[PDB]
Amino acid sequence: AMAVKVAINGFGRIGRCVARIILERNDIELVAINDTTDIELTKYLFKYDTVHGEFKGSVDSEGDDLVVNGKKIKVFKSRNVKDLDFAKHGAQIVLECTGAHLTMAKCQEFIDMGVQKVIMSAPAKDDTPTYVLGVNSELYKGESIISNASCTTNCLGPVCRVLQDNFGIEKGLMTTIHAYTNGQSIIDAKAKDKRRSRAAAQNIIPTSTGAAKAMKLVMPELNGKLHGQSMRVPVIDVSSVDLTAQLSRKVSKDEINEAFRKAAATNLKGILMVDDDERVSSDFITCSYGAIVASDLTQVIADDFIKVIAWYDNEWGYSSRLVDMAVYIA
């Protein structure tokens, strides 16, 4: 296969993580980006990163192109999909990382201008088909617009895949302890709701997520069986899924941990891993696994009532899945 050619719409945390990941691999090539910023600021943000460290390599411009380690990348700056002829620079797949385009209606214009496939970097706001690697990726039907779901779906999903396949999930509730993100306020200031208005680096902030209820999209046998919620805490990156569930049969802790290690070695290779070293959140910064189960934190009480704790780099793991998904569907 020729390396699939892709464009990135939206050069934020996910956009720039995706770009770095594409530049480390030989089976995918970045030809264009779009962000509503001047080129001096694009270069600076790409080169220097508080979380993932300095990009090793030259980051130059000339004058509508990023030049990264000598390779030219076209840079657009328009809010309007009309002005983004990504296909004209060779793009086969657009990675949609703006947060602005989460319906087929708003992504169809890319296809109409000659892009073959669009992948949303977030849950769809309509009935756009949703795919998650290792969970329902085997069912892909060649659709030209898909959702890759959320960072949380790409941790919780693989965990559920293993539990459902080995044991059976009767019901479950999930909390995520989640790193703060953009569109949380630095100081108490107006936002879309009360709790999101409060200072993110000095509070525990309850925040809603549809990630659990929406598992029906990628595992329909879990329709009506899972819900959950989030607690935003003062870390800049890395999060955990805390899944509490009732399984269809009696299990032990060891049996659960062994099922995860067996998937880590086979069907979820590269996607789920198991931590036997007692790491903390910062150890998973720039980790490409979507789920890291902390084996020592696995609990079972009264035969069938379990807790599983899985880390995810909400930036780097999800970005790693977006890039895997572009390579998979090409």
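One-based numbering along the sequence shown.
When the C-alpha B-factors of 183 to 191 and 234 to 242 are averaged, 183 to 191 comes out higher. Comparing 202 to 210 with 134 to 142, the higher mean C-alpha B-factor in the PDB entry belongs to 134 to 142. Out of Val308, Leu23, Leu322, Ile14, it is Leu23 whose C-alpha atom has the highest B-factor in the PDB entry.
Across the options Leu102, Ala259, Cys155, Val118, the residue with the most elevated CA B-factor in the record is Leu102. Split the chain's modelled residues into thirds by C-alpha temperature factor. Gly70 is in the highest one.
Residue-level temperature factors show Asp296 in the lowest third of its chain, judged at the C-alpha atom.
Placement of the Cα temperature factor of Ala330 within the chain: highest third of the modelled residues, per the deposited record. The deposited CA B-factor of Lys56 belongs to the highest third of values across its chain. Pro123: CA B factor lies in the middle third for its chain, per the PDB record.
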